[PDB]
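Novice: This structure is in structure tokens; I'll ask about it shortly.
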Amino acid sequence: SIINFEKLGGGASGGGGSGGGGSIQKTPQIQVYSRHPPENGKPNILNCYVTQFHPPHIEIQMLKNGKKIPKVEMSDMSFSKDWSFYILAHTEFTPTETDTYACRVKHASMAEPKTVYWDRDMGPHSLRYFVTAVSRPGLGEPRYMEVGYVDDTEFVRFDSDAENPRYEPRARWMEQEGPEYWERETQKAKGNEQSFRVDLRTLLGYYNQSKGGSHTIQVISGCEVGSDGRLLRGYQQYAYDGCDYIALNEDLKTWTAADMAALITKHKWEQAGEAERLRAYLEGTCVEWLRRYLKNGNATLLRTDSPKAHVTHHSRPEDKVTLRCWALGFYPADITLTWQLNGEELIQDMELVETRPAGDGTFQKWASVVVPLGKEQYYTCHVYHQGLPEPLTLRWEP
């Protein structure tokens, strides 16, 4: 159960100033890949994973031979610890030897759209809420969202852009909670929504910004609990336009304000004793709810799926070749892939991609290294996953 938020601003706006402000935007990183190994003629799923962008508004199109693919599905949007957003776009497809596919992304951080082609060669716990409020002048009321996570597993979601906004279960095990729980969570969310709507208007003034620009307020609120049931860390962090604004310090008593706008909120919260209110929520209410969700999600939550791995071989200009170590279908996402030459790790020359979702709940990752042609048998790939009884060792097999 997410906390009921206290407004960041004093209420009254103004701050005689317009067209005086705006922060850096973050460029999207893109990966295009199939869910399953690509076999010509076999239906598969093609993914376009877009991460690290800010603001949240983004346009994604998937292309087949240069033409827009009409039926492209989009996952709900989320954001990570660094405040940057991520989303997965996917479409069904049956790959062929000669059909080219690509993913095109339009985002304010870039001058023109970016097209990325599909290259098909060869023991604690935490309850955290990720909150997003995005103003959108002209296009309507601000979009407000509350997303809940038990150990990085999304389990509840409230989105104001739904037809009649309501908290929804995102894991089957939350279906146990009765009507009173959902009703109370839904009403608290709508109350929180109003708080952020007012803060959006107020911070617009604190930063002397134009009235027609879209801005974002984000929050990460929650608790990390040790196996002994004791609070390990409490979180109450805010960002404005993707940059730190204010956060409760580890002492659960004082605040760290990132700029002068935030000092106004800090002073306001110190006088009202907001830190004490959060400390109580973080050490009590948050921990109690986390225990209740862990109980209900028991049989589902702890589970792990070890990576199925293998090595692929690819030509490089002249006497060099690339060995690519693949780790597929694993869960959770945490994993380590390394290449060794003579029992020694070659981290400083490996090429790797950020771990990514297959779209079926599992993850994928690969690490590669360039080696002399004919020396492939001198290298070994090591896959360390928490689901592995023992770290895996693989070699290229011809």
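Backbone-built Cβ (ideal geometry, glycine too); neighbour counts: all protein chains shown. Basis: the model, the stated rules and, where named, an outside source; no laboratory read-out is quoted.
Novice: Output the number of the condition that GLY140 fails; it satisfies all remaining conditions of (1) assigned by CATH to the domain that holds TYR33; (2) of a type in the set (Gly, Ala, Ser); (3) part of a loop (DSSP other than H, G, I, E, B).
Specialist: (1)
Novice: Let me ask another. Of all residues in the range 68-93, which are farther than 21 Å from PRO113 by Cβ and within 8 Å of the chain's Cα centre (by Cα)?
Specialist: Passing the criteria: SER78, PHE79, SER80, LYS81.
Novice: Of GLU39, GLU73, which residue is surrounded by 12 or more Cβ atoms within 10 Å (Cβ to Cβ) and among the charged types (D, E, K, R)?
Specialist: None of the others qualify; the one that does is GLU73.
Novice: Moving to a separate point now. Every residue in the range 216-234 that is under 23 Å from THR153 (Cβ atoms) and either buried (at least 21 other Cβ atoms within 10 Å of the Cβ) or β-branched (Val, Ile, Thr) (or both), please.
Specialist: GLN218, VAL219, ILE220, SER221, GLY222, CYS223, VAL225, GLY234
Novice: Listed residues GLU154, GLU175, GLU183, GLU141; which is among the acidic types (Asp, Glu) and in contact with a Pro (Cβ under 7 Å, 6 or more places away or on another chain)?
Specialist: Among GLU154, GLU175, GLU183, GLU141, only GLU175 is among the acidic types (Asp, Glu) and in contact with a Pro (Cβ under 7 Å, 6 or more places away or on another chain).
Novice: Something else about it: From the set of residues in the range 5-52 that are hydrophobic (A, V, I, L, M, F, W, C) and in a loop (DSSP other than H, G, I, E, B), which is nearest to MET122 (Cα to Cα)?
Specialist: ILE24
Novice: Determine whether the range 330-352 contains at least one residue that is within 18 Å of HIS36 (Cβ to Cβ) and either surrounded by 17 or more Cβ atoms within 10 Å (Cβ to Cβ) or of a type in the set (D, E, K, R) (or both).
Specialist: So far as the range 330-352 goes, yes, one or more of its residues are within 18 Å of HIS36 (Cβ to Cβ) and either surrounded by 17 or more Cβ atoms within 10 Å (Cβ to Cβ) or of a type in the set (D, E, K, R) (or both).
Novice: Are there any pairs, at least 6 apart or on different chains, whose C-beta atoms fall under 6 Å, with the first in the range 159-188 and assigned by CATH to the domain that holds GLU141 and the second assigned to a loop (DSSP other than H, G, I, E, B) and surrounded by 12 or more Cβ atoms within 10 Å (Cβ to Cβ), and if so, which?
Specialist: Pairs that qualify, where the first residue is assigned by CATH to the domain that holds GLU141 and the partner is assigned to a loop (DSSP other than H, G, I, E, B) and surrounded by 12 or more Cβ atoms within 10 Å (Cβ to Cβ), are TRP182/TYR167; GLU185/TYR167; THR186/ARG166; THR186/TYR167; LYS188/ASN4.
Novice: Now, a different point. For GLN218, indicate whether it is out of contact with any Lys or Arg (no Cβ under 7 Å at 6 or more places or on another chain), polar (S, T, N, Q) and not in a strand (DSSP E or B).
Specialist: no
Novice: Then there's this: Just checking, does the range 230-251 include any residue being among the small types (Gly, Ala, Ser), more than 23 Å from the chain's Cα centre (by Cα) and within 25 Å of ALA189 (Cβ to Cβ)?
Specialist: Taking every residue of the range 230-251 in turn, none turns out to be among the small types (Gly, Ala, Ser), more than 23 Å from the chain's Cα centre (by Cα) and within 25 Å of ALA189 (Cβ to Cβ).
Novice: Within the range 168-215, count every residue that is closer than 21 Å to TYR245 by Cα and not in a loop (DSSP other than H, G, I, E, B).
Specialist: 15
Novice: Mind counting the residues in the range 107-127 that are farther than 30 Å from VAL287 by Cα, crowded, with 16+ Cβ neighbours inside 10 Å and out of contact with any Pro (no Cβ under 8 Å at 6 or more places or on another chain)?
Specialist: Selection size over the range 107-127: 2.
Novice: For the range 63-76, does any single residue satisfy the condition of being part of a strand (DSSP E or B), of a type in the set (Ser, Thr, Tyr) and either touching a helix residue (DSSP H, G or I) at 6+ places or on another chain (Cβ under 7 Å) or outside the structural domain of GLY191 (by CATH) (or both)?
Specialist: No, the range 63-76 contains no residue that is part of a strand (DSSP E or B), of a type in the set (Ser, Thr, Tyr) and either touching a helix residue (DSSP H, G or I) at 6+ places or on another chain (Cβ under 7 Å) or outside the structural domain of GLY191 (by CATH) (or both).
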